[PDB]
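The structure appears right after this line, and notes come after that.
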Amino acid sequence: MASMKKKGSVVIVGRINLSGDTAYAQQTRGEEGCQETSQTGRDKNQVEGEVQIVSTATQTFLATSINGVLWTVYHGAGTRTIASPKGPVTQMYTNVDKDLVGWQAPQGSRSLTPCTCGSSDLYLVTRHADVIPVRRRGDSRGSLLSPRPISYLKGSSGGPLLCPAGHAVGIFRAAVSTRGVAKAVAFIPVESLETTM
Ligand SMILES: COc1ccc2nc(O[C@@H]3C[C@H]4C(=O)N[C@]5(C(=O)NS(=O)(=O)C6(C)CC6)C[C@H]5/C=C\CCCCC[C@H](NC(=O)OC(C)(C)C)C(=O)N4C3)c(C(F)(F)F)nc2c1
Ligand SMILES: [Zn+2]
């Protein structure tokens, strides 16, 4: 028992900048500092924006602030704490059935508003800051207007699908792949997050 290890914290390592006319990824922490911050859980970096790039020791993905909660996928974060200036922060929501977790949104983040538009013309934001049009096809599915190899979507779970007005419609969960080409995506609808809240 004496040598039983602790899994580290999720760490914010960058963000997707949507504040201007041009979407772009920004790295805010390199690999070595990420490893150190995962073990201590103490991240003194200033957080900005709605979409964070996050990492564990073994995986990197996205997390999205909606109504004061930073949300991501359970298949990325598990039950992990997130690093913050005051130390590790415990999840406030965990739902494996939805592939969903959330923590209180970091000080300095900005939150998206849940969409009430009832629109089916959506936009997926990836970890490379690509803004991909997606037609909504059901409660939890949308089609890519321009299909792409799954390589282009890998690492973007936890990112948002947005409506034309920039509201949050859902959280990207899984790619529907045929022969390595993503023609559609599965997402956690924001209504599911609102109920969890
Ligand atoms: C115990 O609790 C659990 C444990 C494990 C779970 N594993 C789950 O699925 C896994 C992970 C998820 C994935 O790869 N996600 C993305 C990503 O980027 N992840 S990632 O950031 O790289 C990351 C791995 C986090 C670092 C957006 C994808 C981008 C590219 C696709 C790559 C090819 C994979 C295609 C596959 N497609 C699929 O399964 O499609 C159907 C329709 C569902 C069958 C798919 O997408 N995935 C398979 C799910 C889910 F299914 F709910 F998602 N729940 C879980 C609950
Ligand atoms: Zn909307």
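In the structure tokens, chains take letters A, B, ... by order of appearance, with residues numbered from 1 within each chain and ligands from 1 in the order shown.
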- Do a neighbour search on residue 34 of chain A at 10 Å with only C-alpha atoms, toss out local chain neighbours closer than 6 positions, and write the hits as a VMD selection string. chain A and resid 9 to 13 28 41 43 54 to 57 83
Hey, which residues sit close to ligand 1? Say within 10 Å, counting only C-alpha atoms and all ligand atoms, and write them as a PDB file with N, CA, C and O atoms, in the first residue's frame.
ATOM      1  N   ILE A  53      -7.690  23.880 -23.951  1.00  0.00           N
ATOM      2  CA  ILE A  53      -6.980  22.668 -24.289  1.00  0.00           C
ATOM      3  C   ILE A  53      -6.448  22.083 -22.998  1.00  0.00           C
ATOM      4  O   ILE A  53      -5.764  22.784 -22.242  1.00  0.00           O
ATOM      5  N   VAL A  54      -6.749  20.818 -22.745  1.00  0.00           N
ATOM      6  CA  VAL A  54      -6.399  20.167 -21.490  1.00  0.00           C
ATOM      7  C   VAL A  54      -5.634  18.884 -21.737  1.00  0.00           C
ATOM      8  O   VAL A  54      -5.736  18.258 -22.797  1.00  0.00           O
ATOM      9  N   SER A  55      -4.857  18.484 -20.722  1.00  0.00           N
ATOM     10  CA  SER A  55      -4.069  17.263 -20.845  1.00  0.00           C
ATOM     11  C   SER A  55      -4.006  16.500 -19.535  1.00  0.00           C
ATOM     12  O   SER A  55      -4.145  17.073 -18.448  1.00  0.00           O
ATOM     13  N   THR A  56      -3.789  15.205 -19.662  1.00  0.00           N
ATOM     14  CA  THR A  56      -3.369  14.346 -18.556  1.00  0.00           C
ATOM     15  C   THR A  56      -1.947  13.878 -18.880  1.00  0.00           C
ATOM     16  O   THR A  56      -1.320  14.322 -19.841  1.00  0.00           O
ATOM     17  N   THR A  58      -1.301  11.191 -20.217  1.00  0.00           N
ATOM     18  CA  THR A  58      -1.368  10.310 -21.361  1.00  0.00           C
ATOM     19  C   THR A  58      -2.271  10.787 -22.479  1.00  0.00           C
ATOM     20  O   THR A  58      -2.190  10.229 -23.579  1.00  0.00           O
ATOM     21  N   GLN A  59      -3.113  11.793 -22.258  1.00  0.00           N
ATOM     22  CA  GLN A  59      -4.081  12.176 -23.274  1.00  0.00           C
ATOM     23  C   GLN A  59      -4.265  13.684 -23.295  1.00  0.00           C
ATOM     24  O   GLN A  59      -4.104  14.354 -22.272  1.00  0.00           O
ATOM     25  N   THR A  60      -4.624  14.219 -24.474  1.00  0.00           N
ATOM     26  CA  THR A  60      -4.968  15.629 -24.620  1.00  0.00           C
ATOM     27  C   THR A  60      -6.274  15.783 -25.382  1.00  0.00           C
ATOM     28  O   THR A  60      -6.596  14.976 -26.254  1.00  0.00           O
ATOM     29  N   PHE A  61      -7.074  16.750 -24.958  1.00  0.00           N
ATOM     30  CA  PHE A  61      -8.455  16.905 -25.440  1.00  0.00           C
ATOM     31  C   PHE A  61      -8.878  18.330 -25.079  1.00  0.00           C
ATOM     32  O   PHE A  61      -8.028  19.192 -24.807  1.00  0.00           O
ATOM     33  N   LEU A  62     -10.171  18.617 -25.132  1.00  0.00           N
ATOM     34  CA  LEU A  62     -10.659  19.970 -24.934  1.00  0.00           C
ATOM     35  C   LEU A  62     -11.629  20.006 -23.759  1.00  0.00           C
ATOM     36  O   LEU A  62     -12.169  18.971 -23.340  1.00  0.00           O
ATOM     37  N   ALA A  63     -11.869  21.207 -23.231  1.00  0.00           N
ATOM     38  CA  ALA A  63     -12.908  21.421 -22.224  1.00  0.00           C
ATOM     39  C   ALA A  63     -13.559  22.766 -22.482  1.00  0.00           C
ATOM     40  O   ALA A  63     -12.884  23.715 -22.877  1.00  0.00           O
ATOM     41  N   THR A  72     -16.146  18.485 -19.850  1.00  0.00           N
ATOM     42  CA  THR A  72     -15.384  17.683 -20.791  1.00  0.00           C
ATOM     43  C   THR A  72     -15.931  16.260 -20.759  1.00  0.00           C
ATOM     44  O   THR A  72     -16.972  15.989 -20.140  1.00  0.00           O
ATOM     45  N   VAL A  73     -15.233  15.361 -21.459  1.00  0.00           N
ATOM     46  CA  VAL A  73     -15.631  13.959 -21.577  1.00  0.00           C
ATOM     47  C   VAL A  73     -14.990  13.098 -20.496  1.00  0.00           C
ATOM     48  O   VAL A  73     -13.805  13.242 -20.153  1.00  0.00           O
ATOM     49  N   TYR A  74     -15.768  12.151 -19.988  1.00  0.00           N
ATOM     50  CA  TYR A  74     -15.252  11.189 -19.034  1.00  0.00           C
ATOM     51  C   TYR A  74     -14.161  10.320 -19.660  1.00  0.00           C
ATOM     52  O   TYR A  74     -13.205   9.942 -18.981  1.00  0.00           O
ATOM     53  N   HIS A  75     -14.248  10.017 -20.965  1.00  0.00           N
ATOM     54  CA  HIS A  75     -13.213   9.166 -21.563  1.00  0.00           C
ATOM     55  C   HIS A  75     -11.849   9.858 -21.673  1.00  0.00           C
ATOM     56  O   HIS A  75     -10.821   9.177 -21.861  1.00  0.00           O
ATOM     57  N   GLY A  76     -11.806  11.160 -21.461  1.00  0.00           N
ATOM     58  CA  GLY A  76     -10.569  11.896 -21.358  1.00  0.00           C
ATOM     59  C   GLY A  76     -10.173  12.093 -19.910  1.00  0.00           C
ATOM     60  O   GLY A  76      -9.037  11.774 -19.548  1.00  0.00           O
ATOM     61  N   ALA A  77     -11.095  12.591 -19.059  1.00  0.00           N
ATOM     62  CA  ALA A  77     -10.731  13.035 -17.720  1.00  0.00           C
ATOM     63  C   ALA A  77     -10.881  11.972 -16.635  1.00  0.00           C
ATOM     64  O   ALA A  77     -10.307  12.135 -15.542  1.00  0.00           O
ATOM     65  N   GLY A  78     -11.676  10.943 -16.870  1.00  0.00           N
ATOM     66  CA  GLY A  78     -12.059  10.037 -15.794  1.00  0.00           C
ATOM     67  C   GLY A  78     -12.620  10.840 -14.642  1.00  0.00           C
ATOM     68  O   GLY A  78     -13.339  11.815 -14.829  1.00  0.00           O
ATOM     69  N   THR A  79     -12.290  10.412 -13.420  1.00  0.00           N
ATOM     70  CA  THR A  79     -12.692  11.079 -12.194  1.00  0.00           C
ATOM     71  C   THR A  79     -11.657  12.102 -11.700  1.00  0.00           C
ATOM     72  O   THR A  79     -11.713  12.535 -10.544  1.00  0.00           O
ATOM     73  N   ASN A  95     -20.766  11.991 -14.884  1.00  0.00           N
ATOM     74  CA  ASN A  95     -21.787  11.085 -15.427  1.00  0.00           C
ATOM     75  C   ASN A  95     -21.225  10.208 -16.540  1.00  0.00           C
ATOM     76  O   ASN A  95     -21.260  10.556 -17.728  1.00  0.00           O
ATOM     77  N   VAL A  96     -20.746   9.025 -16.149  1.00  0.00           N
ATOM     78  CA  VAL A  96     -20.218   8.072 -17.116  1.00  0.00           C
ATOM     79  C   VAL A  96     -21.243   7.676 -18.165  1.00  0.00           C
ATOM     80  O   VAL A  96     -20.876   7.376 -19.310  1.00  0.00           O
ATOM     81  N   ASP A  97     -22.527   7.656 -17.804  1.00  0.00           N
ATOM     82  CA  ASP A  97     -23.539   7.239 -18.769  1.00  0.00           C
ATOM     83  C   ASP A  97     -23.638   8.214 -19.930  1.00  0.00           C
ATOM     84  O   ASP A  97     -23.958   7.799 -21.044  1.00  0.00           O
ATOM     85  N   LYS A  98     -23.308   9.477 -19.695  1.00  0.00           N
ATOM     86  CA  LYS A  98     -23.329  10.538 -20.693  1.00  0.00           C
ATOM     87  C   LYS A  98     -21.936  10.830 -21.248  1.00  0.00           C
ATOM     88  O   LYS A  98     -21.797  11.662 -22.147  1.00  0.00           O
ATOM     89  N   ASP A  99     -20.911  10.167 -20.723  1.00  0.00           N
ATOM     90  CA  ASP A  99     -19.507  10.442 -21.037  1.00  0.00           C
ATOM     91  C   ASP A  99     -19.138  11.882 -20.686  1.00  0.00           C
ATOM     92  O   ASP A  99     -18.417  12.544 -21.442  1.00  0.00           O
ATOM     93  N   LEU A 100     -19.608  12.355 -19.519  1.00  0.00           N
ATOM     94  CA  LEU A 100     -19.564  13.769 -19.162  1.00  0.00           C
ATOM     95  C   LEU A 100     -18.991  14.000 -17.779  1.00  0.00           C
ATOM     96  O   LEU A 100     -19.348  13.293 -16.830  1.00  0.00           O
ATOM     97  N   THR A 126     -12.542  22.719 -33.235  1.00  0.00           N
ATOM     98  CA  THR A 126     -11.566  21.690 -32.937  1.00  0.00           C
ATOM     99  C   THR A 126     -10.361  22.255 -32.182  1.00  0.00           C
ATOM    100  O   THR A 126     -10.217  23.470 -32.004  1.00  0.00           O
ATOM    101  N   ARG A 127      -9.476  21.345 -31.744  1.00  0.00           N
ATOM    102  CA  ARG A 127      -8.310  21.754 -30.979  1.00  0.00           C
ATOM    103  C   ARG A 127      -7.301  22.505 -31.841  1.00  0.00           C
ATOM    104  O   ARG A 127      -6.393  23.126 -31.293  1.00  0.00           O
ATOM    105  N   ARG A 141     -26.564  14.001 -32.722  1.00  0.00           N
ATOM    106  CA  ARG A 141     -25.795  13.707 -33.924  1.00  0.00           C
ATOM    107  C   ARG A 141     -25.842  14.870 -34.903  1.00  0.00           C
ATOM    108  O   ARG A 141     -26.830  15.599 -34.975  1.00  0.00           O
ATOM    109  N   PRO A 149     -10.803  13.076 -42.585  1.00  0.00           N
ATOM    110  CA  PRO A 149     -10.234  11.932 -41.869  1.00  0.00           C
ATOM    111  C   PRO A 149     -10.309  12.141 -40.363  1.00  0.00           C
ATOM    112  O   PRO A 149     -10.173  13.264 -39.865  1.00  0.00           O
ATOM    113  N   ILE A 150     -10.494  11.036 -39.646  1.00  0.00           N
ATOM    114  CA  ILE A 150     -10.636  11.128 -38.183  1.00  0.00           C
ATOM    115  C   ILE A 150      -9.403  11.731 -37.534  1.00  0.00           C
ATOM    116  O   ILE A 150      -9.492  12.291 -36.442  1.00  0.00           O
ATOM    117  N   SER A 151      -8.269  11.692 -38.220  1.00  0.00           N
ATOM    118  CA  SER A 151      -7.050  12.281 -37.703  1.00  0.00           C
ATOM    119  C   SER A 151      -7.245  13.743 -37.352  1.00  0.00           C
ATOM    120  O   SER A 151      -6.591  14.280 -36.444  1.00  0.00           O
ATOM    121  N   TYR A 152      -8.077  14.432 -38.134  1.00  0.00           N
ATOM    122  CA  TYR A 152      -8.320  15.854 -37.969  1.00  0.00           C
ATOM    123  C   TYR A 152      -9.189  16.166 -36.757  1.00  0.00           C
ATOM    124  O   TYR A 152      -9.152  17.303 -36.280  1.00  0.00           O
ATOM    125  N   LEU A 153      -9.983  15.213 -36.301  1.00  0.00           N
ATOM    126  CA  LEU A 153     -10.875  15.395 -35.158  1.00  0.00           C
ATOM    127  C   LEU A 153     -10.295  14.850 -33.870  1.00  0.00           C
ATOM    128  O   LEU A 153     -10.755  15.248 -32.786  1.00  0.00           O
ATOM    129  N   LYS A 154      -9.312  13.941 -33.942  1.00  0.00           N
ATOM    130  CA  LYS A 154      -8.704  13.358 -32.754  1.00  0.00           C
ATOM    131  C   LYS A 154      -8.167  14.442 -31.840  1.00  0.00           C
ATOM    132  O   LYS A 154      -7.463  15.353 -32.290  1.00  0.00           O
ATOM    133  N   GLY A 155      -8.492  14.341 -30.544  1.00  0.00           N
ATOM    134  CA  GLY A 155      -8.069  15.322 -29.572  1.00  0.00           C
ATOM    135  C   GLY A 155      -9.028  16.465 -29.395  1.00  0.00           C
ATOM    136  O   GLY A 155      -8.712  17.418 -28.674  1.00  0.00           O
ATOM    137  N   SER A 156     -10.198  16.423 -30.040  1.00  0.00           N
ATOM    138  CA  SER A 156     -11.149  17.511 -29.932  1.00  0.00           C
ATOM    139  C   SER A 156     -12.379  17.164 -29.103  1.00  0.00           C
ATOM    140  O   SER A 156     -13.259  18.032 -28.928  1.00  0.00           O
ATOM    141  N   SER A 157     -12.464  15.948 -28.570  1.00  0.00           N
ATOM    142  CA  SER A 157     -13.550  15.652 -27.643  1.00  0.00           C
ATOM    143  C   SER A 157     -13.527  16.675 -26.512  1.00  0.00           C
ATOM    144  O   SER A 157     -12.475  17.154 -26.086  1.00  0.00           O
ATOM    145  N   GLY A 158     -14.713  17.013 -26.041  1.00  0.00           N
ATOM    146  CA  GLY A 158     -14.852  18.051 -25.050  1.00  0.00           C
ATOM    147  C   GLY A 158     -15.031  19.449 -25.620  1.00  0.00           C
ATOM    148  O   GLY A 158     -15.384  20.362 -24.858  1.00  0.00           O
ATOM    149  N   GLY A 159     -14.778  19.661 -26.931  1.00  0.00           N
ATOM    150  CA  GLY A 159     -14.999  20.918 -27.597  1.00  0.00           C
ATOM    151  C   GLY A 159     -16.468  21.183 -27.864  1.00  0.00           C
ATOM    152  O   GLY A 159     -17.328  20.282 -27.819  1.00  0.00           O
ATOM    153  N   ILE A 171     -21.496  19.245 -26.575  1.00  0.00           N
ATOM    154  CA  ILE A 171     -20.094  18.903 -26.314  1.00  0.00           C
ATOM    155  C   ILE A 171     -19.721  17.721 -27.222  1.00  0.00           C
ATOM    156  O   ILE A 171     -20.358  16.664 -27.166  1.00  0.00           O
ATOM    157  N   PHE A 172     -18.683  17.882 -28.060  1.00  0.00           N
ATOM    158  CA  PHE A 172     -18.247  16.808 -28.972  1.00  0.00           C
ATOM    159  C   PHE A 172     -17.774  15.574 -28.183  1.00  0.00           C
ATOM    160  O   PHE A 172     -16.905  15.685 -27.322  1.00  0.00           O
ATOM    161  N   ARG A 173     -18.330  14.393 -28.512  1.00  0.00           N
ATOM    162  CA  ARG A 173     -18.083  13.145 -27.796  1.00  0.00           C
ATOM    163  C   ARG A 173     -17.351  12.106 -28.633  1.00  0.00           C
ATOM    164  O   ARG A 173     -16.351  11.537 -28.172  1.00  0.00           O
ATOM    165  N   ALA A 174     -17.826  11.837 -29.851  1.00  0.00           N
ATOM    166  CA  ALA A 174     -17.358  10.699 -30.651  1.00  0.00           C
ATOM    167  C   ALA A 174     -17.530  11.022 -32.134  1.00  0.00           C
ATOM    168  O   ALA A 174     -18.390  11.810 -32.516  1.00  0.00           O
ATOM    169  N   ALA A 175     -16.688  10.409 -32.965  1.00  0.00           N
ATOM    170  CA  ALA A 175     -16.800  10.541 -34.409  1.00  0.00           C
ATOM    171  C   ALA A 175     -17.408   9.279 -34.990  1.00  0.00           C
ATOM    172  O   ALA A 175     -17.068   8.169 -34.571  1.00  0.00           O
ATOM    173  N   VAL A 176     -18.298   9.469 -35.960  1.00  0.00           N
ATOM    174  CA  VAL A 176     -18.911   8.392 -36.720  1.00  0.00           C
ATOM    175  C   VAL A 176     -18.019   8.206 -37.935  1.00  0.00           C
ATOM    176  O   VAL A 176     -17.989   9.054 -38.830  1.00  0.00           O
ATOM    177  N   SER A 177     -17.280   7.110 -37.948  1.00  0.00           N
ATOM    178  CA  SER A 177     -16.227   6.888 -38.920  1.00  0.00           C
ATOM    179  C   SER A 177     -16.524   5.693 -39.807  1.00  0.00           C
ATOM    180  O   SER A 177     -16.845   4.616 -39.303  1.00  0.00           O
ATOM    181  N   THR A 178     -16.378   5.892 -41.115  1.00  0.00           N
ATOM    182  CA  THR A 178     -16.384   4.803 -42.086  1.00  0.00           C
ATOM    183  C   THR A 178     -15.042   4.825 -42.809  1.00  0.00           C
ATOM    184  O   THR A 178     -14.695   5.811 -43.482  1.00  0.00           O
ATOM    185  N   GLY A 180     -12.175   5.264 -41.772  1.00  0.00           N
ATOM    186  CA  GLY A 180     -11.330   6.353 -41.312  1.00  0.00           C
ATOM    187  C   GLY A 180     -11.800   7.753 -41.650  1.00  0.00           C
ATOM    188  O   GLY A 180     -11.108   8.720 -41.284  1.00  0.00           O
ATOM    189  N   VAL A 181     -12.924   7.902 -42.354  1.00  0.00           N
ATOM    190  CA  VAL A 181     -13.478   9.200 -42.707  1.00  0.00           C
ATOM    191  C   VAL A 181     -14.647   9.485 -41.779  1.00  0.00           C
ATOM    192  O   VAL A 181     -15.559   8.661 -41.635  1.00  0.00           O
ATOM    193  N   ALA A 182     -14.593  10.633 -41.124  1.00  0.00           N
ATOM    194  CA  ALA A 182     -15.672  11.096 -40.262  1.00  0.00           C
ATOM    195  C   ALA A 182     -16.713  11.793 -41.121  1.00  0.00           C
ATOM    196  O   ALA A 182     -16.448  12.872 -41.666  1.00  0.00           O
ATOM    197  N   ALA A 184     -19.871  12.169 -39.712  1.00  0.00           N
ATOM    198  CA  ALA A 184     -20.796  12.669 -38.702  1.00  0.00           C
ATOM    199  C   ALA A 184     -20.108  12.646 -37.350  1.00  0.00           C
ATOM    200  O   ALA A 184     -19.081  11.984 -37.173  1.00  0.00           O
ATOM    201  N   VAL A 185     -20.691  13.370 -36.397  1.00  0.00           N
ATOM    202  CA  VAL A 185     -20.198  13.423 -35.032  1.00  0.00           C
ATOM    203  C   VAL A 185     -21.359  13.197 -34.077  1.00  0.00           C
ATOM    204  O   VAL A 185     -22.508  13.520 -34.377  1.00  0.00           O
ATOM    205  N   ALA A 186     -21.038  12.620 -32.937  1.00  0.00           N
ATOM    206  CA  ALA A 186     -21.938  12.470 -31.817  1.00  0.00           C
ATOM    207  C   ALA A 186     -21.546  13.491 -30.765  1.00  0.00           C
ATOM    208  O   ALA A 186     -20.356  13.738 -30.551  1.00  0.00           O
ATOM    209  N   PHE A 187     -22.538  14.084 -30.125  1.00  0.00           N
ATOM    210  CA  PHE A 187     -22.270  15.079 -29.104  1.00  0.00           C
ATOM    211  C   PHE A 187     -23.264  14.950 -27.966  1.00  0.00           C
ATOM    212  O   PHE A 187     -24.339  14.367 -28.108  1.00  0.00           O
ATOM    213  N   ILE A 188     -22.854  15.479 -26.815  1.00  0.00           N
ATOM    214  CA  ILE A 188     -23.689  15.580 -25.616  1.00  0.00           C
ATOM    215  C   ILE A 188     -24.511  16.859 -25.769  1.00  0.00           C
ATOM    216  O   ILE A 188     -23.937  17.961 -25.756  1.00  0.00           O
TER     217      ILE A 188
END
Pull the closest atom pair for each residue of chain A that gets at most 6 Å from ligand 2, along with the distance in Å to one decimal, counting only C-alpha atoms and all ligand atoms, ordering rows by chain and then ascending residue number, as CSV.
residue,atom,partner,partner_atom_place_in_ligand_line,distance
A:115,CA,ligand 2,1 (Zn),3.8
A:116,CA,ligand 2,1 (Zn),5.3
A:117,CA,ligand 2,1 (Zn),4.2
A:163,CA,ligand 2,1 (Zn),4.7
A:165,CA,ligand 2,1 (Zn),5.3
A:167,CA,ligand 2,1 (Zn),4.5
- In Å to one decimal, how far is atom CA of residue 52 of chain A from atom CA of residue 30 of chain A?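 Separation between atom CA of residue 30 of chain A and atom CA of residue 52 of chain A: 14.4 Å.
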As a short mmCIF file (atom, residue, chain, number, x, y, z; two decimals) with N, CA, C and O atoms, in the first residue's frame, please: every residue in segment 6-185 of chain A that DSSP puts in alpha helix (DSSP H).
data_model
loop_
_atom_site.label_atom_id
_atom_site.label_comp_id
_atom_site.auth_asym_id
_atom_site.auth_seq_id
_atom_site.Cartn_x
_atom_site.Cartn_y
_atom_site.Cartn_z
N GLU A 31 5.15 20.72 -22.27
CA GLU A 31 4.97 19.35 -21.78
C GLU A 31 5.58 19.17 -20.39
O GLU A 31 4.98 18.53 -19.53
N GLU A 32 6.77 19.73 -20.15
CA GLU A 32 7.40 19.52 -18.85
C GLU A 32 6.58 20.16 -17.73
O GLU A 32 6.32 19.53 -16.68
N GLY A 33 6.21 21.44 -17.89
CA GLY A 33 5.38 22.11 -16.90
C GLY A 33 4.03 21.45 -16.74
O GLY A 33 3.47 21.42 -15.64
N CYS A 34 3.50 20.89 -17.82
CA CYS A 34 2.23 20.18 -17.68
C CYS A 34 2.40 18.99 -16.74
O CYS A 34 1.59 18.80 -15.81
N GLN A 35 3.46 18.21 -16.93
CA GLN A 35 3.70 17.07 -16.06
C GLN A 35 3.85 17.49 -14.60
O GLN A 35 3.25 16.88 -13.70
N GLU A 36 4.61 18.55 -14.34
CA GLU A 36 4.78 19.04 -12.97
C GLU A 36 3.44 19.48 -12.38
O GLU A 36 3.12 19.16 -11.23
N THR A 37 2.66 20.24 -13.15
CA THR A 37 1.38 20.76 -12.67
C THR A 37 0.37 19.65 -12.45
O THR A 37 -0.47 19.75 -11.55
N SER A 38 0.45 18.58 -13.24
CA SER A 38 -0.45 17.45 -13.03
C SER A 38 -0.19 16.81 -11.69
O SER A 38 -1.11 16.38 -11.01
N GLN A 39 1.08 16.73 -11.29
CA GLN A 39 1.37 16.05 -10.05
C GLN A 39 1.02 16.89 -8.84
O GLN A 39 0.48 16.37 -7.86
N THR A 40 1.29 18.19 -8.87
CA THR A 40 0.98 19.05 -7.74
C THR A 40 -0.47 19.48 -7.71
O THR A 40 -1.02 19.81 -6.64
N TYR A 74 -15.77 12.15 -19.99
CA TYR A 74 -15.25 11.19 -19.03
C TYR A 74 -14.16 10.32 -19.66
O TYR A 74 -13.20 9.94 -18.98
N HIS A 75 -14.25 10.02 -20.97
CA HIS A 75 -13.21 9.17 -21.56
C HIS A 75 -11.85 9.86 -21.67
O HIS A 75 -10.82 9.18 -21.86
N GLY A 76 -11.81 11.16 -21.46
CA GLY A 76 -10.57 11.90 -21.36
C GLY A 76 -10.17 12.09 -19.91
O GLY A 76 -9.04 11.77 -19.55
N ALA A 77 -11.09 12.59 -19.06
CA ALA A 77 -10.73 13.03 -17.72
C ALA A 77 -10.88 11.97 -16.64
O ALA A 77 -10.31 12.14 -15.54
#
- In segment 28-177 of chain A, DSSP strand (DSSP E or B) residues written as a PyMOL selection string: chain A and resi 42+49+51-55+60-66+69-73+82+84+89+93-95+100-104+109+112+114+121-125+131-136+141-149+160-162+168-177
- Task: Could you check which of A:14, A:8, A:147, A:20 is closest to residue 81 of chain A, using only C-alpha atoms?
- Result: A:8
- Out of A:45, A:114, A:107, A:129, which residue has the shortest atom-to-atom distance to residue 26 of chain A when counting only C-alpha atoms? A:129
- Would you kindly return, as a list in words, each protein, DNA or RNA residue with an atom no farther than 12 Å from any atom of residue 113 of chain A, considering only C-alpha atoms and excluding same-chain residues fewer than 2 positions away?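 Contacts, in chain order: residues 50, 64, 65, 66, 67, 68, 69, 110, 111, 115, 116, 117, 160, 161, 162, 163, 165, 166, 167, 168, 169, 170, 190, 191, 193 and 194 of chain A.
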- Item | Best match for closeness to residue 196 of chain A among A:22, A:84, A:94, A:17, counting only C-alpha atoms |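 Counting only C-alpha atoms, the residue closest to residue 196 of chain A is A:94.
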- Item | Neighbour list for residue 145 of chain A as a VMD selection string, cut-off 7 Å, only C-alpha atoms, skip fewer than 6 positions in-chain | chain A and resid 133 to 135
- Task: Just give me the gap between atom CA of residue 89 of chain A and atom CA of residue 5 of chain A in Å, one decimal is fine.
- Result: 18.3 Å
